[PDB]
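Undergrad: Supplied in structure tokens, the structure appears directly below.
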Amino acid sequence: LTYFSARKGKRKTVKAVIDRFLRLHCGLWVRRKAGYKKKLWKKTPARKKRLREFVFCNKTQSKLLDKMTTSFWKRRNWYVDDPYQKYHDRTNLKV
Amino acid sequence: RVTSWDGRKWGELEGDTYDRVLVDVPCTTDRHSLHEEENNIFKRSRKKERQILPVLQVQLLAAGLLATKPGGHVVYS
Amino acid sequence: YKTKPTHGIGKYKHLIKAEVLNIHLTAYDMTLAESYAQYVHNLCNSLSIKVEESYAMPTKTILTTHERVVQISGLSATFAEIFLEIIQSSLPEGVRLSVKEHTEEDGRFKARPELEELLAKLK
Amino acid sequence: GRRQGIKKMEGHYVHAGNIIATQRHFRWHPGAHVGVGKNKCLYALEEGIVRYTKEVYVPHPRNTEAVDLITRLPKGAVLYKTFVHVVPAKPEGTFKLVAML
Amino acid sequence: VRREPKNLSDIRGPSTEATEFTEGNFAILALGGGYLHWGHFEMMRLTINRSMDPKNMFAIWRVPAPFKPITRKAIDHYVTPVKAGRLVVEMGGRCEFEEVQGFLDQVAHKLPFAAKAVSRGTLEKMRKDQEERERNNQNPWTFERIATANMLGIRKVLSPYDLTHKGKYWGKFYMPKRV
Amino acid sequence: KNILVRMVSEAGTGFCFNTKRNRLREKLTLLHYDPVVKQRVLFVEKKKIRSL
Amino acid sequence: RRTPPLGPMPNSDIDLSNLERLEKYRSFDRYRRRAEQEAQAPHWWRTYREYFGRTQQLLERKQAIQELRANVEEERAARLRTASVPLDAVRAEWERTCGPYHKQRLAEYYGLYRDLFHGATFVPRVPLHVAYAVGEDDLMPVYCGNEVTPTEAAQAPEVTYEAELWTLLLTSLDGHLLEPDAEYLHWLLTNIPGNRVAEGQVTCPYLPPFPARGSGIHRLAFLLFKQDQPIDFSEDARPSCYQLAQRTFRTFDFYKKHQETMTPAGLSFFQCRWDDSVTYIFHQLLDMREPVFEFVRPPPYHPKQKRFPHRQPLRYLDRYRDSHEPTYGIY
Amino acid sequence: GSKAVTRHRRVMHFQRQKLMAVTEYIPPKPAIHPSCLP
RNA sequence: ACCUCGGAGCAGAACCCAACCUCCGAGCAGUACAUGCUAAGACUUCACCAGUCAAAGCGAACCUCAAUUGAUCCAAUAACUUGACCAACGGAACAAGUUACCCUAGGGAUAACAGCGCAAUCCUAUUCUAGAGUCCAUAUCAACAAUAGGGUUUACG
RNA sequence: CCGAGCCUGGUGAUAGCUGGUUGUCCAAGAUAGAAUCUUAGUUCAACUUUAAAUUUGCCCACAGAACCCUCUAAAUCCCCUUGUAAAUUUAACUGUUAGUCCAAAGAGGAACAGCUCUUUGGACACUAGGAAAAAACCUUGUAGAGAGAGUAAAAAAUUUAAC
RNA sequence: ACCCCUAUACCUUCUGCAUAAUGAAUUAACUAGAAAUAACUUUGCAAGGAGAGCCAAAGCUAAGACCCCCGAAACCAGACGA
Ligand SMILES: C[S@@+](CC[C@H](N)C(=O)[O-])C[C@H]1O[C@@H](n2cnc3c(N)ncnc32)[C@H](O)[C@@H]1O
Ligand SMILES: [Mg+2]
Ligand SMILES: [Mg+2]
Ligand SMILES: [Mg+2]
Ligand SMILES: [Mg+2]
Ligand SMILES: [Mg+2]
Ligand SMILES: [Mg+2]
Ligand SMILES: [Mg+2]
Ligand SMILES: [Mg+2]
Ligand SMILES: [Mg+2]
Ligand SMILES: [Mg+2]
Ligand SMILES: [Mg+2]
Ligand SMILES: [Mg+2]
Ligand SMILES: [Mg+2]
Ligand SMILES: [Mg+2]
Ligand SMILES: [Mg+2]
Ligand SMILES: [Mg+2]
């Protein structure tokens with residue numbers, strides 16, 4: 001990715017990242033399952049449900065995603081009626 | 001009864017058990033070979049098969065003649 | 001588990017194995033022959049005598065008589081004495097009593113379950 | 001390979017839903033408070049402690065393939081299978097005073 | 001018709017089969033492990049038959065006919081595996097040891113493994129002397145005690161078979177002097 | 001050999017699902033659960049999607 | 001490596017060289033019976049059980065049976081299978097014979113013997129009858145383990161049996177509140193003049209069963225004692241309504257003191273839940289507010305929360321959330 | 001490396017050879033030789 | 001001839017692991033149509049992606065099969081859904097030959113000669129006495145075998 | 001100096017390839033694998049380091065972990081006690097992953113070659129003594145001075161035909 | 001001083017390598033680690049921090065401390081050459 005822009009000399013975000021992942025303010029990232037729209041006739045219903053769910057990403061994936069994205073995307077946003085509002089903060093977390 | 005084993009073994013597996021046998025041995029598949037390209041017996045890479053083709057035929061025929069009843073009828077095609 | 005003293009408690013197939021006279025009972029009446037065949041078979045079962053088959057070949061073309069056969073095996077020469085005496089005494093109505101033997105010229109259609117282990121031992 | 005084996009050994013504490021064992025064929029048979037999956041996979045129906053015992057086997061009357069074997073078996077004989085059990089640890093619930101009314 | 005991977009384990013260890021005198025006084029005891037060819041057997045039959053008359057004295061093949069296949073750049077021939085201790089050829093009848101020993105040991109000389117022509121008495125004699133020697137020993141230290149106890153950490157060097165072998169066998173070779 | 005085909009419901013209209021049938025078989029009328037009406041209703045063919 | 005078996009291994013003895021001569025379990029049921037027999041037999045290996053732990057009478061009987069089957073009209077019923085048995089008649093004379101023997105099992109199943117007398121079982125010889133009067137027309141029978149509402153059991157029951165002194169006892173085994181082991185004493189009668197009950201002295205006045213709300217099913221037993229000679233009972237029973245802490249006692253300790261004097265003869269026990277009547281017992285008779293109990297369940301198990309909950313549905317975070325309402329921090 | 005069974009006599013590990021040296025048979029010799037005794 | 005997935009010969013008893021090679025199969029089929037929705041806790045082909053089991057709950061009723069498979073973008077569609085022998089099977093949207101006219105960066109001489117290892121092949125001597133030598137084992141030959149040594153050939157490594 | 005002249009410029013072209021990389025001192029510190037137009041390289045994992053938080057880790061005894069195949073060894077998993085002091089989690093980066101030889105169980109098809117491949121263990125990229133020099137055999141590790149002392153491994157044996 | 005005893009030059013690429021393979025006649029001078037996110041460390045202020053913008057559920061401001069040298073055959077544009 002571009003560490004120093006040629007116009008302004010600041011970092012740039014990889015837009016491939018932004019249209020695939022949701023980052024929560026706490027530091028987690030959310031993705032969809034790969035192939036959730038693919039060939040559903042042959043898949044079993046349990047398999048289908050496992051596909052529909054929005055999952056988290058492990059530490060390294062999360063680290064890589066944060067490097068590929070600017071500080072703007074990491075700020076706290078007070079959207080009106082976002083369905084992900086509750087998930088922004090953690091609860092009862094000791095290490 | 002449907003079984004997927006070597007036809008040659010039948011001679012020593014079952015004997016004097018059948019009154020009627022039909023033996024349709026693997027052949028050069030004349031019409032099929034002239035028309036069909038893929039998996040052709042005449043493909044030059046698979047030359048080795050043809051060298052061991054004639055003996056196999058005898059073997060398979062024999063298995064039938066070993067399995068048939070005394071006075072039993074075998075037809076070979 | 002092998003080292004534990006409970007080993008081979010699950011062994012079952014060792015208890016099983018995975019590996020001759022013919023009696024003629026011809027009668028003209030078709031209500032009689034099978035009844036006596038039944039009786040002889042019952043006597044065989046009671047005294048632990050092995051039975052193969054009760055085969056029937058078709059009626060002779062016309063007038064018309066039909067044959068009922070019972071295959072028996074495991075009979076000793078000494079035990080034959082008692083056995084044959086009873087089957088002679090029990091004769092209902094002028095029924096021809098025969099004792100025929102397999103003369104090595106008299107093959108079976110094997111079942112699919114039986115064939116697999118036969119193939120395994122063949123090769 | 002398929003990575004099939006014993007997941008929880010003897011005297012292991014097991015929460016409900018945990019996998020006890022995975023198997024291609026029926027090596028270990030489900031005992032008390034142990035459910036079997038589609039793929040013969042043994043799981044704990046209750047929280048507790050896993051035990052392995054030998055128990056005498058009677059197949060289902062409808063299950064002909066095993067019933068026939070029983071029929072061929074000589075008199076005096078009994079089949080033994082290895083069975084896996086979860087002994088539950090905590091009682092279902094307790095009664096408590098809410099109010100004096 | 002099956003090819004076999006070469007299992008050399010057959011030659012290893014003492015012979016537990018055909019180690020008993022059967023209706024015969026004289027036999028050739030194998031002192032080593034080797035494979036017999038058909039050529040060996042050809043020599044065997046020829047020499048023994050031409051030496052003594054079959055009417056007065058009788059010879060017995062105490063070894064199976066060759067059936068172990070040999071693969072050579074495909075199977076070409078068959079061999080017989082023999083461990084040390086097998087009586088290969090038995091001989092009996094109204095005869096004396098002195099007159100048979102000559103041709104018998106001569107026939108044993110050509111054998112690929114070490115071997116000895118022995119009588120019943122002589123064979124049992126050497127069994128007796130060996131088992132006397134082991135109780136007669138003046139060495140506190142036997143291979144047995146050390147190997148089984150794992151005394152010097154010797155198991156690192158040793159094989160698992162050694163415990164069974166008592167240290168008397170090393171490859172195809174049998175050492176009778178070893179205790 | 002088989003073909004994948006789309007099934008639409010007469011009742012609780014606006015729901016559909018996919019199924020296999022042989023090409024050689026007759027046109028397929030079926031009974032299936034529709035969560036729109038929360039009832040078991042009849043379904044009918046409209047078109048073949050793909051051949052499998 | 002092998003370790004030799006510690007006991008006779010199954011199927012070891014029965015094996016033979018030949019199998020063809022031997023009889024097989026031709027029937028499924030044959031094997032089933034043998035398998036059941038094997039389950040009762042103790043074994044050296046680990047087993048499921050370990051962890052989940054006069055002459056003239058015969059003569060009369062044969063005569064009566066022969067007399068019964070003699071009548072052709074009697075046998076005509078059975079062959080048409082349109083035959084009946086007198087239910088009441090069977091019940092009447094069963095109690096004399098096999099009544100107490102069956103009743104023993106029920107008492108030990110309900111664990112009366114283990115709770116009352118620390119496992120000291122007895123056979124209840126006397127056919128004790130207890131009835132509870134409801135209105136004027138019908139009276140509720142107390143059998144062994146029957147269900148009776150305390151609404152019906154609000155007054156003294158009518159007790160009848162064959163007799164020649166006695167002691168009558170009613171206990172709530174599980175009814176007690178302050179202590180686990182202890183029991184309440186409802187009403188005690190001593191030195192009962194045989195069949196007549198009323199003439200015997202009233203040591204404790206009748207008190208109805210009072211099982212609290214949501215405390216489940218309560219078993220209450222009648223115990224009868226064969227009193228050979230009268231005893232003065234200085235047990236500090238004071239008739240008044242009562243104070244519960246005085247009604248608490250242990251049946252085991254009570255019988256311990258009077259082991260040699262009297263012995264039990266008959267038991268009858270009934271089970272009961274809470275009813276509206278129980279409310280009036282606390283309010284009127286006890287002058288206290290009603291205790292209410294709930295069956296709660298232990299808190300659900302969740303594994304320790306991780307910082308990065310990889311390949312988990314989004315709802316993972318909601319498992320460790322305590323409230324469902326939004327929060328704002330310093331904002 | 002080589003196979004455990006060889007046509008020739010295989011050379012041992014030195015340790016094993018030292019063991020063979022130590023565990024050799026020793027015959028008992030009497031104080032007075034038996035042939036010389038009457 | 002192969003490249004992906006599952007077996008068979010090797011795998012001895014938690015897991016994983018007999019390379020390479022030589023073979024057998026798979027790119028489905030049949031049956032339901034609640035192959036509905038939802039959700040504790042777990043398993044996992046040594047990463048990720050993928051894959052797998054499942055209590056309780058809401059609504060109804062009184063699956064077999066060893067593998068049987070394909071990411072993203074994008075395209076089609078009102079939506080629901082669908083799309084590759086992308087088989088080089090973690091898949092570039094779409095590209096073949098020849099070079100002794102050849103070039104550059106390197107690696108070796110993992111192709112050959114040179115130098116090394118074994119001694120399968122080859123050469124030599126002994127050991128046994130068959131059988132020749134018109135009689136006669138050992139004047140001289142020499143059968144079936146065993147035991148040694150050298151590193152001239154031919155292969156193998 | 002022509003399979004496409006020469007000069008300047010783009011141009012500090014590009015180079016997973018070769019070569020090089022500059023004071024002192026101390027400390028911790030090695031060889032599971034997976035995908036890859038990939039095996040001369042990357043990325044993930046494993047190992048490694050630092051800092052942090054907190055509680056168990058290592059060694060383990062009983063009990064326990066399969067039938068079938070026609071037969072089964074050294075063993076392994078799990079594991080209180082015990083002897084011990086480490087372990088998991090969290091934050092942040094790099095770097096390494098072409099091994100060879102020996103003992104054992106095997107297979108390659110020469111009973112097989114410091115020949116190829118799988119597993120268990122040892123040794124070698126760290127010091128020192130010994131076997132003749134000596135990667136892998138044996139003895140031995142935590143560092144300095146001494147013109148003190150005790151030790152470890154540590155030197156091959158053998159000689160022959162009369163009757 | 002030598003004689004005595006002990007002692008297989010250096011760098012770099014390979015698992016060993018003594019030695020094998022590259023590099024050095026020698027002297028002097030010159031000749032090669034450049035930066036972000038995020039963390040840590042030390043300050044100021046603190047539900048607020050910052051000399052507009054930005055961040056904030058103890059954070060924010062400031063500082064400290066991390067990312068080499070030489071080398072192709074080529075390709076293109078414009079001149080110059082019989
Ligand atoms: C020529 S086709 C039979 C003709 C065809 N089924 C008919 O009825 O018209 C013979 C088939 O036998 C199969 N086959 C090959 N080897 C065999 C064997 N050893 N035993 C039996 N069948 C064999 C081949 O795959 C081949 O397709
Ligand atoms: Mg295999
Ligand atoms: Mg995994
Ligand atoms: Mg795996
Ligand atoms: Mg439910
Ligand atoms: Mg690929
Ligand atoms: Mg030319
Ligand atoms: Mg490269
Ligand atoms: Mg250090
Ligand atoms: Mg890859
Ligand atoms: Mg690719
Ligand atoms: Mg490449
Ligand atoms: Mg422990
Ligand atoms: Mg290398
Ligand atoms: Mg290099
Ligand atoms: Mg050099
Ligand atoms: Mg000119």
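The way I read the labels, and the way they are meant: chains A, B, ... in the order of the structure tokens, residue 1 as the first residue of every chain, and ligand 1 as the first ligand shown, with later ones counted on from there.
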Please return as an NGL selection string the residues found within 12 Å of ligand 7, counting only C-alpha atoms (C1' of nucleotides) and all ligand atoms.
TA: :I and (99-101)
Undergrad: I need the residues from that last selection saved to file as a PDB file, in the first residue's frame (with N, CA, C and O atoms (P, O5', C5', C4', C3', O3' and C1' of nucleotides)), if you can.
TA:
ATOM      1  P     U I  99      16.028 -24.951 -30.840  1.00  0.00           P
ATOM      2  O5'   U I  99      16.954 -23.689 -31.097  1.00  0.00           O
ATOM      3  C5'   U I  99      17.685 -23.574 -32.322  1.00  0.00           C
ATOM      4  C4'   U I  99      18.341 -22.225 -32.390  1.00  0.00           C
ATOM      5  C3'   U I  99      19.185 -21.874 -31.180  1.00  0.00           C
ATOM      6  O3'   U I  99      20.442 -22.520 -31.295  1.00  0.00           O
ATOM      7  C1'   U I  99      17.800 -20.040 -31.748  1.00  0.00           C
ATOM      8  P     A I 100      21.501 -22.451 -30.106  1.00  0.00           P
ATOM      9  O5'   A I 100      22.494 -21.310 -30.617  1.00  0.00           O
ATOM     10  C5'   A I 100      23.849 -21.589 -31.031  1.00  0.00           C
ATOM     11  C4'   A I 100      23.998 -21.626 -32.545  1.00  0.00           C
ATOM     12  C3'   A I 100      22.852 -22.209 -33.372  1.00  0.00           C
ATOM     13  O3'   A I 100      22.934 -21.823 -34.736  1.00  0.00           O
ATOM     14  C1'   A I 100      24.663 -23.757 -33.247  1.00  0.00           C
ATOM     15  P     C I 101      21.774 -20.956 -35.428  1.00  0.00           P
ATOM     16  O5'   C I 101      22.411 -19.495 -35.468  1.00  0.00           O
ATOM     17  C5'   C I 101      23.754 -19.329 -35.960  1.00  0.00           C
ATOM     18  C4'   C I 101      24.327 -17.996 -35.566  1.00  0.00           C
ATOM     19  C3'   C I 101      24.817 -17.868 -34.137  1.00  0.00           C
ATOM     20  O3'   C I 101      26.105 -18.418 -33.876  1.00  0.00           O
ATOM     21  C1'   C I 101      23.561 -15.953 -34.724  1.00  0.00           C
TER      22        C I 101
END
Undergrad: Could I get the residue neighbourhood of ligand 6 at 10 Å, counting only C-alpha atoms (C1' of nucleotides) and all ligand atoms, as a list in words?
TA: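 Checking only C-alpha atoms (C1' of nucleotides) and all ligand atoms against ligand 6 at 10 Å gives residues 3, 4, 88, 89, 90 and 91 of chain I; 35, 36, 37 and 38 of chain J.
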Undergrad: Grab the residues selected above and save them as a PDB file, in the first residue's frame with N, CA and C atoms (P, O5', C5', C4', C3', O3' and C1' of nucleotides).
TA:
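Printed below is selection-v8.pdb as written:
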ATOM      1  P     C I   3      -3.115 -36.564 -11.893  1.00  0.00           P
ATOM      2  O5'   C I   3      -2.399 -35.221 -11.426  1.00  0.00           O
ATOM      3  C5'   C I   3      -1.557 -35.190 -10.257  1.00  0.00           C
ATOM      4  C4'   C I   3      -1.124 -33.773  -9.976  1.00  0.00           C
ATOM      5  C3'   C I   3      -2.247 -32.795  -9.630  1.00  0.00           C
ATOM      6  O3'   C I   3      -1.859 -31.933  -8.557  1.00  0.00           O
ATOM      7  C1'   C I   3      -1.000 -31.955 -11.446  1.00  0.00           C
ATOM      8  P     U I   4      -2.277 -32.265  -7.034  1.00  0.00           P
ATOM      9  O5'   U I   4      -3.854 -32.025  -7.029  1.00  0.00           O
ATOM     10  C5'   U I   4      -4.421 -30.791  -6.548  1.00  0.00           C
ATOM     11  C4'   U I   4      -5.914 -30.931  -6.382  1.00  0.00           C
ATOM     12  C3'   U I   4      -6.378 -32.043  -5.462  1.00  0.00           C
ATOM     13  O3'   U I   4      -6.315 -31.645  -4.099  1.00  0.00           O
ATOM     14  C1'   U I   4      -7.654 -32.088  -7.446  1.00  0.00           C
ATOM     15  P     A I  88      -5.166 -29.312 -15.988  1.00  0.00           P
ATOM     16  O5'   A I  88      -4.399 -28.472 -14.881  1.00  0.00           O
ATOM     17  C5'   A I  88      -3.733 -29.133 -13.799  1.00  0.00           C
ATOM     18  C4'   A I  88      -2.818 -28.161 -13.094  1.00  0.00           C
ATOM     19  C3'   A I  88      -3.497 -26.985 -12.396  1.00  0.00           C
ATOM     20  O3'   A I  88      -2.793 -26.654 -11.200  1.00  0.00           O
ATOM     21  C1'   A I  88      -2.078 -26.174 -14.091  1.00  0.00           C
ATOM     22  P     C I  89      -3.261 -27.281  -9.806  1.00  0.00           P
ATOM     23  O5'   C I  89      -4.845 -27.307  -9.939  1.00  0.00           O
ATOM     24  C5'   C I  89      -5.610 -26.108  -9.711  1.00  0.00           C
ATOM     25  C4'   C I  89      -7.002 -26.474  -9.287  1.00  0.00           C
ATOM     26  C3'   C I  89      -7.093 -27.232  -7.980  1.00  0.00           C
ATOM     27  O3'   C I  89      -7.151 -26.221  -7.003  1.00  0.00           O
ATOM     28  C1'   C I  89      -8.512 -28.204  -9.632  1.00  0.00           C
ATOM     29  P     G I  90      -5.920 -26.000  -6.050  1.00  0.00           P
ATOM     30  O5'   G I  90      -6.217 -24.584  -5.371  1.00  0.00           O
ATOM     31  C5'   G I  90      -6.677 -23.519  -6.229  1.00  0.00           C
ATOM     32  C4'   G I  90      -6.286 -22.196  -5.628  1.00  0.00           C
ATOM     33  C3'   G I  90      -4.784 -21.954  -5.415  1.00  0.00           C
ATOM     34  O3'   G I  90      -4.131 -21.320  -6.515  1.00  0.00           O
ATOM     35  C1'   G I  90      -5.997 -21.528  -3.391  1.00  0.00           C
ATOM     36  P     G I  91      -3.824 -22.110  -7.897  1.00  0.00           P
ATOM     37  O5'   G I  91      -5.245 -22.067  -8.669  1.00  0.00           O
ATOM     38  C5'   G I  91      -5.303 -22.289 -10.099  1.00  0.00           C
ATOM     39  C4'   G I  91      -6.452 -21.515 -10.707  1.00  0.00           C
ATOM     40  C3'   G I  91      -6.247 -20.006 -10.884  1.00  0.00           C
ATOM     41  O3'   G I  91      -5.640 -19.719 -12.138  1.00  0.00           O
ATOM     42  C1'   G I  91      -8.325 -20.411  -9.803  1.00  0.00           C
TER      43        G I  91
ATOM     44  P     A J  35      -0.364 -27.792   0.732  1.00  0.00           P
ATOM     45  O5'   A J  35      -0.628 -26.323   0.191  1.00  0.00           O
ATOM     46  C5'   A J  35      -1.953 -25.787   0.132  1.00  0.00           C
ATOM     47  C4'   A J  35      -1.866 -24.339  -0.250  1.00  0.00           C
ATOM     48  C3'   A J  35      -1.222 -24.061  -1.600  1.00  0.00           C
ATOM     49  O3'   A J  35      -2.034 -24.293  -2.746  1.00  0.00           O
ATOM     50  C1'   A J  35      -0.333 -22.577  -0.011  1.00  0.00           C
ATOM     51  P     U J  36      -1.332 -24.767  -4.098  1.00  0.00           P
ATOM     52  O5'   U J  36      -0.378 -23.538  -4.445  1.00  0.00           O
ATOM     53  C5'   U J  36      -0.956 -22.281  -4.839  1.00  0.00           C
ATOM     54  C4'   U J  36       0.060 -21.170  -4.758  1.00  0.00           C
ATOM     55  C3'   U J  36       1.155 -21.234  -5.809  1.00  0.00           C
ATOM     56  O3'   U J  36       0.686 -20.813  -7.097  1.00  0.00           O
ATOM     57  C1'   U J  36       2.056 -20.636  -3.687  1.00  0.00           C
ATOM     58  P     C J  37       1.017 -21.680  -8.435  1.00  0.00           P
ATOM     59  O5'   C J  37       2.571 -21.406  -8.678  1.00  0.00           O
ATOM     60  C5'   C J  37       3.095 -20.072  -8.919  1.00  0.00           C
ATOM     61  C4'   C J  37       3.867 -20.027 -10.224  1.00  0.00           C
ATOM     62  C3'   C J  37       4.400 -18.656 -10.627  1.00  0.00           C
ATOM     63  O3'   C J  37       5.776 -18.527 -10.271  1.00  0.00           O
ATOM     64  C1'   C J  37       3.351 -19.790 -12.486  1.00  0.00           C
ATOM     65  P     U J  38       6.195 -17.880  -8.863  1.00  0.00           P
ATOM     66  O5'   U J  38       6.379 -19.153  -7.926  1.00  0.00           O
ATOM     67  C5'   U J  38       6.477 -19.010  -6.495  1.00  0.00           C
ATOM     68  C4'   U J  38       6.790 -20.340  -5.852  1.00  0.00           C
ATOM     69  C3'   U J  38       7.979 -21.068  -6.451  1.00  0.00           C
ATOM     70  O3'   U J  38       9.159 -20.602  -5.811  1.00  0.00           O
ATOM     71  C1'   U J  38       6.140 -22.568  -6.167  1.00  0.00           C
TER      72        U J  38
END
Undergrad: Determine, counting only C-alpha atoms (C1' of nucleotides), which protein, DNA and RNA residues have an atom within 10 Å of an atom of residue 67 of chain J; residues of the same chain fewer than 2 positions away are not included. Present the result as a ChimeraX atom specification.
TA: /C:8-13 /D:25-28,81-82 /J:69
Undergrad: Go ahead and write the selection's residues with N, CA and C atoms (P, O5', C5', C4', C3', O3' and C1' of nucleotides) as a PDB file, in the first residue's frame.
TA:
ATOM      1  N   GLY C   8     -10.158 -58.113  24.431  1.00  0.00           N
ATOM      2  CA  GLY C   8     -10.805 -59.076  23.553  1.00  0.00           C
ATOM      3  C   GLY C   8     -12.138 -59.559  24.111  1.00  0.00           C
ATOM      4  N   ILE C   9     -12.742 -58.742  24.981  1.00  0.00           N
ATOM      5  CA  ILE C   9     -14.038 -59.040  25.568  1.00  0.00           C
ATOM      6  C   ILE C   9     -15.116 -58.848  24.501  1.00  0.00           C
ATOM      7  N   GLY C  10     -14.779 -58.066  23.466  1.00  0.00           N
ATOM      8  CA  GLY C  10     -15.688 -57.755  22.376  1.00  0.00           C
ATOM      9  C   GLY C  10     -15.676 -58.814  21.275  1.00  0.00           C
ATOM     10  N   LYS C  11     -14.719 -59.752  21.359  1.00  0.00           N
ATOM     11  CA  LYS C  11     -14.564 -60.831  20.395  1.00  0.00           C
ATOM     12  C   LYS C  11     -15.882 -61.584  20.278  1.00  0.00           C
ATOM     13  N   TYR C  12     -16.347 -61.741  19.034  1.00  0.00           N
ATOM     14  CA  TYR C  12     -17.656 -62.314  18.776  1.00  0.00           C
ATOM     15  C   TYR C  12     -17.591 -63.330  17.642  1.00  0.00           C
ATOM     16  N   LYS C  13     -16.762 -63.055  16.628  1.00  0.00           N
ATOM     17  CA  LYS C  13     -16.802 -63.825  15.395  1.00  0.00           C
ATOM     18  C   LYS C  13     -16.081 -65.161  15.564  1.00  0.00           C
TER      19      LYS C  13
ATOM     20  N   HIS D  25     -16.236 -46.105  12.243  1.00  0.00           N
ATOM     21  CA  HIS D  25     -17.158 -47.177  12.591  1.00  0.00           C
ATOM     22  C   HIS D  25     -17.377 -47.181  14.099  1.00  0.00           C
ATOM     23  N   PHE D  26     -18.326 -48.001  14.559  1.00  0.00           N
ATOM     24  CA  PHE D  26     -18.753 -47.961  15.947  1.00  0.00           C
ATOM     25  C   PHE D  26     -17.762 -48.694  16.851  1.00  0.00           C
ATOM     26  N   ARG D  27     -16.684 -47.992  17.222  1.00  0.00           N
ATOM     27  CA  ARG D  27     -15.683 -48.508  18.139  1.00  0.00           C
ATOM     28  C   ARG D  27     -16.207 -48.406  19.567  1.00  0.00           C
ATOM     29  N   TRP D  28     -16.597 -47.190  19.976  1.00  0.00           N
ATOM     30  CA  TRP D  28     -17.212 -46.950  21.273  1.00  0.00           C
ATOM     31  C   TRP D  28     -18.694 -46.661  21.084  1.00  0.00           C
ATOM     32  N   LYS D  81     -19.881 -54.912  24.295  1.00  0.00           N
ATOM     33  CA  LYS D  81     -19.420 -53.722  23.600  1.00  0.00           C
ATOM     34  C   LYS D  81     -18.850 -52.749  24.630  1.00  0.00           C
ATOM     35  N   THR D  82     -17.988 -51.850  24.162  1.00  0.00           N
ATOM     36  CA  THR D  82     -17.484 -50.827  25.054  1.00  0.00           C
ATOM     37  C   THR D  82     -18.405 -49.614  24.963  1.00  0.00           C
TER      38      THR D  82
ATOM     39  P     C J  69     -12.283 -62.186  11.912  1.00  0.00           P
ATOM     40  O5'   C J  69     -11.072 -61.867  10.928  1.00  0.00           O
ATOM     41  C5'   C J  69     -11.279 -61.548   9.537  1.00  0.00           C
ATOM     42  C4'   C J  69     -10.118 -60.733   9.015  1.00  0.00           C
ATOM     43  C3'   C J  69      -8.793 -61.476   8.917  1.00  0.00           C
ATOM     44  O3'   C J  69      -8.693 -62.214   7.700  1.00  0.00           O
ATOM     45  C1'   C J  69      -8.462 -59.370   9.973  1.00  0.00           C
TER      46        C J  69
END
Undergrad: Can you tell me, as a list in words, what residues are no more than 12 Å from residue 7 of chain I when counting only C-alpha atoms (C1' of nucleotides), ignoring any on the same chain fewer than 6 positions away?
TA: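 Using only C-alpha atoms (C1' of nucleotides), the neighbours found are residues 23, 24, 25, 26, 66 and 67 of chain I.
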Undergrad: Could you give me the residues within segment 11-98 of chain D that DSSP places in helix (DSSP H, G or I), as a ChimeraX atom specification?
TA: /D:64-72
Undergrad: Could you write out the selected residues, including C-alpha atoms, as a short mmCIF file (atom, residue, chain, number, x, y, z; two decimals), in the first residue's frame?
TA:
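To be explicit, this is the file written out as part39.cif:
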data_model
loop_
_atom_site.label_atom_id
_atom_site.label_comp_id
_atom_site.auth_asym_id
_atom_site.auth_seq_id
_atom_site.Cartn_x
_atom_site.Cartn_y
_atom_site.Cartn_z
CA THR D 64 -32.09 -57.25 11.03
CA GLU D 65 -28.35 -57.27 10.23
CA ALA D 66 -27.41 -57.50 13.93
CA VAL D 67 -30.48 -59.54 14.95
CA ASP D 68 -29.53 -62.31 12.52
CA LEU D 69 -26.04 -62.46 14.07
CA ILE D 70 -27.65 -62.93 17.51
CA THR D 71 -29.73 -65.80 16.07
CA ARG D 72 -26.64 -67.59 14.70
#
Undergrad: If we count only C-alpha atoms (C1' of nucleotides) and set the cut-off at 12 Å, which residues sit around residue 11 of chain H, ignoring sequence neighbours fewer than 4 positions away in its own chain? Please answer as a PyMOL selection string.
TA: (chain E and resi 170-171) or (chain H and resi 1-7+15-17)
